[PDB]
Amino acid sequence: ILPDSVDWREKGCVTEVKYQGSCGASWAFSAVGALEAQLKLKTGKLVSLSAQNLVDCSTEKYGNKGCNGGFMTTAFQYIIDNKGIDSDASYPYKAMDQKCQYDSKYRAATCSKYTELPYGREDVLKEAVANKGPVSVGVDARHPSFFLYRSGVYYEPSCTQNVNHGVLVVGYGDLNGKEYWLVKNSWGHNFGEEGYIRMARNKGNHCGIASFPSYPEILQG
C-alpha cells in the first residue's frame, strides 16, 4: 500500500529548477536532482550538486558526450568511481563542454550505488518514488506540445516510449480522476508549471516516463 499522492518538494528535498540552455545536459540535471534528495535526506542540508561536473568529467569512459547527451546511470557510476561530486556553487553550470575541473576540496556528495527499475513498470516506479525518493527518468520530449506545455496533465497521443530527454520524477498524484507524474524539468522557471510538468500516469508508459528509471543512494558510512 502506497500513498495516493507524493510531492518531495514539500519535504524540502528538491532544489530550484535549473536552465540547461543550448547544452543537451538534461541527463546530468536528472542525475544531480535525484542525488540532491538523497543528500538532503541523509544530512538535512539541501545543496545543488554540479551538473557541469558531470558534463565535463563523466565523459567517454562512461559512454557520455557532455552537451551532446548522456546517461544518468553512468553519471552515477562516475560519482561512485570518483568518490565525489562537487557542489553546484563551487562548480557552476556554463551550458558548454569544458575540461574536467573536479576538485575534491569542494565535494558536496558521494554515491554508494544506483538502482535501475524495469522498463515500463509504472507500478514499480510509483513504489520507488514513494519509498525511495525522486527518481531519474527519460521521456520522449520530441513533440511541440512538450516544448509548448503550460499547465495541466500532459497527454500527447503521438508520444512514444523511446526516451531522449532526462528529467526528475519528484512525485505523483491524481487530479479529479486524471493520474499524473510530477516531473521536474531543466528548462528554467518559465517552462510549464514553474518549471515542472505533470505527465499522464498509468497510460501505457506515456512518453516513456518509466522506460529507464534509476535512483542513487548515499548509505551511512
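Residue numbers here begin at 1 and follow the sequence given.
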Ranked by mean Cα B-factor in the entry, 186-194 and 29-37, top stretch is 186-194
Averaging C-alpha B-factors over each stretch, which comes out higher, 96-104 or 116-124?
96-104
Select one of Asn53, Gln161, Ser48, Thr59: the residue whose C-alpha shows the highest B-factor in the crystal structure entry.
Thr59
Between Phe71, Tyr91, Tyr78, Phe147, which carries the biggest CA temperature factor in the record?
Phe147
When the modelled residues of the chain are sorted by Cα temperature factor, does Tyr155 land in the lowest, middle or highest third?
highest
Give the position of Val135 by CA B-factor within its chain, expressed as the lowest, middle or highest third.
highest
Which third of the chain holds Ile209 when residues are ordered by C-alpha B factor: lowest, middle or highest?
lowest
Taking only the Cα B-factors deposited for this chain, tell me whether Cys23 sits in the lowest, middle or highest third.
highest
Entry-reported Cα temperature factor of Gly177, expressed as the chain third it lands in:
highest
